[PDB]
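First comes one chain, alone, set out as structure tokens in the form deposited in one PDB entry.
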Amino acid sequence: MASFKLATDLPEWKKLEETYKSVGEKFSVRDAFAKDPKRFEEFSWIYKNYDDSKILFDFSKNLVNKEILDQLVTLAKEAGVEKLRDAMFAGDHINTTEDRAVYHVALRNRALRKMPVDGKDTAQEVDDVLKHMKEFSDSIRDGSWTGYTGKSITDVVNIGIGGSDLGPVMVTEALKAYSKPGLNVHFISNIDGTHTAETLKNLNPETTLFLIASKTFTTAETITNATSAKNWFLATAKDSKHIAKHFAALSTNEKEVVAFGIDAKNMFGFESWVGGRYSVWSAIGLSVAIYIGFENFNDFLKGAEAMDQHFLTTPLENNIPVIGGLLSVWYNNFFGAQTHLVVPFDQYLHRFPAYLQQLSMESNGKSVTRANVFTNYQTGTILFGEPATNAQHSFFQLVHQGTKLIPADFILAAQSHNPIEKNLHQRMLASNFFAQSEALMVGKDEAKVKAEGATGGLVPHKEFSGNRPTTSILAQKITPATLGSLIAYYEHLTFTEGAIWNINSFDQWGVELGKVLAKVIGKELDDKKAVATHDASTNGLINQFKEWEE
């Protein structure tokens, strides 16, 4: 139970509103650098990972100074961010609406610290699943697990949706440099039959392995997809005994897995206290272990663990995910910026924004606090993004010259996995990273536009305001460990935001509703009659569909 009801009840909230009007609204980043020669040092932090690799988190181009950050830290203290964090790590049931622990941090407890739920350590139970994952993924990779005709597996198809899909997708794409030729992964997720048809069309049943990924093992889309995949498999295999070499399950529900025809020995389990959008660290990450090997997957976990330790043990004023979360609150609640842009200067990370979009928005898109009252202040932001340099050629127009503040995170690795042409591409990429954040800060004034040759009415069109904020995140290399730390950064940022707003970051009563009105209409689409059971728009759309369907 909550120590306060509303974020607006915390004394520092009004003080921040007043600082916004006196200092924040008209904040000049150019002036801040001129006032404070040490600003880069003061507003950048080096994170050291467990493997002694490093990531620089530079917040110094944000609309923040010492006064503002000190106030945000006081707000975090008033909100009990540390109390809630500590309860999370203690295994307390801080998912109050589902009455569940929130223990993705236990999934990556590779040190085997005591991490109890309901007074019982989880360290060994988690480790045992990882050992099963190692054994199975090793046998897929070395050919000792063969298909029904005695061939090594060449293609692994994950079937799942939401938290049972997007993490596997994003992480296999991100760490594809660590894959091996001849072993491919695929991801079926949409119920749209296109997804199944296009994915399976050119695969060989004899050498394809399915992972059916579902926490509940009841999700409409996933079980239907999995059934259609089984039918494809059997169209060639022509005997149900062959299923056992070709289908495994990633779930919390052993009874429903067995009911589907998968042997319990090929179920990779996890617990209720793993949220889908926090699940890639669990059995749900099996596709990643198969694609890049268990040891790389373990390194990914250890990266998360090291960031967890940083979050747990660091005073707020130097705690990197907390700082990111405080700046998000600053922009969301005081500037009224509705969005948060994440731009990886990295093609492997092309699905990173999409993954973070689920993490962030599904966590923090809430209107009710832990005191069970409605928020009349803003909660979760809308997170979006695409990789650079492409984004620079497209919606960066609006980032630079539009009327909306869009706080932005830019991410670059100093070293490429693909340093082709003697690192020419990489140097060009990095130059863009530095130059874009610089430009967003410094802008281009009327005098400069004139000096560059514009006259008369053209001039204002070529001006740039500057003072457009960015956070720059520079890693040495996007290894498994680094990616693990980067995701955990955003997990704990998300945590911080939710703690300040006093929401439950860990339920999802909208995604849960997502299965009820659809079943009602599904049955109406199976009947022949025109429908009149809904509002006129829903009826009209259904009836028009009925006239146009096959």
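In case it trips you up, residue 1 is the first one in the sequence shown, and so on.
Just so it is clear, the following notes concern the form solved in complex with a small molecule, a form of the same protein that is not shown.
383 is the sole member of 383, 169, 101, 106 with a non-hydrogen atom lying within 4.5 angstroms of the small molecule in the deposited bound form. Taking 64, 499, 483, 493 one by one, only a single residue has any non-hydrogen atom within 4.5 Å of the small molecule in the deposited bound form, and it is 493. Partner proximity in the deposited bound form, defined as non-hydrogen atoms within 4.5 angstroms of the small molecule, places exactly one of 67-75, 140-148, 357-365, 171-179 at the interface: 357-365.
A residue is said to contact a partner when one of its heavy atoms sits within 4.5 Å of a partner heavy atom; residue 436 fails this definition for the small molecule in the deposited bound form, lying far away. The shortest heavy atom separation between residue 379 and the small molecule in the deposited bound form exceeds 4.5 Å.
Heavy atoms of residue 472 never reach within 4.5 Å of the small molecule in the deposited bound form, leaving it off the interface. Using a 4.5 angstroms limit between non-hydrogen atoms, residue 328 touches the small molecule in the deposited bound form.
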